[PDB]
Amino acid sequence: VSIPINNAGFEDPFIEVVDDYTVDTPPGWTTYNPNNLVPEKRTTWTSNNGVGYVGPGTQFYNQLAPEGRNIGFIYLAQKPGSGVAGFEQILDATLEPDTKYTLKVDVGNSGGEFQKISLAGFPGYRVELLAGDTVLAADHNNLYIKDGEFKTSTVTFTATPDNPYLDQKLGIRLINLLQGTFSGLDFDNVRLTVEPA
């Protein structure tokens, strides 16, 4: 049983040309920006985020997008250690007790080169499940993902009747840790499902 998420596979907007991309916050999401690394007005080369089309002929991946045409990316131009940024979405569903939540997202390490800049290397990722502003459970960079590949991160959480955050809105964050270069990474196919526990 799914909890609906807006633009969960970053398929909005449609992108016609393979490897073309946007540099603005994907519809349905907000830019998680606790260290002000990402500017309000972006270019190709500022710190930015957006969606990109991974299809046949892609120069960056050894497979198609995990879901549909598009993935969501986050690029950070500041040096490693400067902070983090990413995607955030607050949901209408609220944290309920005796319920087990399962968050899954695919995490992508883009390979290849862009404007003769090597994409080799990875910044590290964090996937967060939130109630309000509280990170209930999170995968802080537990998966090793090679250049050009995707892997699925899974975060689960069970709320007890005594949890302090019951009735707050559930949220998701997909974070670029900026702990290495090349300092971009991708996400796709966000899924949140729920079951009695």
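In this text, residue numbers run from 1 along the sequence as written.
Participant: Which of the two stretches, 115-123 or 102-110, shows the higher mean Cα temperature factor in the record?
Facilitator: Result of the comparison: 115-123.
Participant: Return the residue from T43, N141, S153, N70 that has the highest Cα B-factor in the entry.
Facilitator: Result of the comparison over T43, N141, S153, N70: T43.
Participant: Hey, what third does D12 fall into on Cα B-factor, ranked over its chain?
Facilitator: According to the entry, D12 has a C-alpha B-factor in the chain's highest third.
Participant: Taking the entry's C-alpha B-factors for this chain, is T25 in the lowest, middle or highest third?
Facilitator: Highest third - that is where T25 ends up once the chain's C-alpha B-factors are sorted.
Participant: Please place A93 in the lowest, middle or highest third of its chain by C-alpha B factor as given in the entry.
Facilitator: According to the entry, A93 has a C-alpha B-factor in the chain's highest third.
Participant: Once the chain's modelled residues are ordered by C-alpha B factor and cut into thirds, is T158 in the lowest, middle or highest one?
Facilitator: Middle third by C-alpha B-factor.
Participant: Just say lowest, middle or highest third for the CA B-factor of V54 relative to the other modelled residues in its chain.
Facilitator: It falls in the middle third of the chain.
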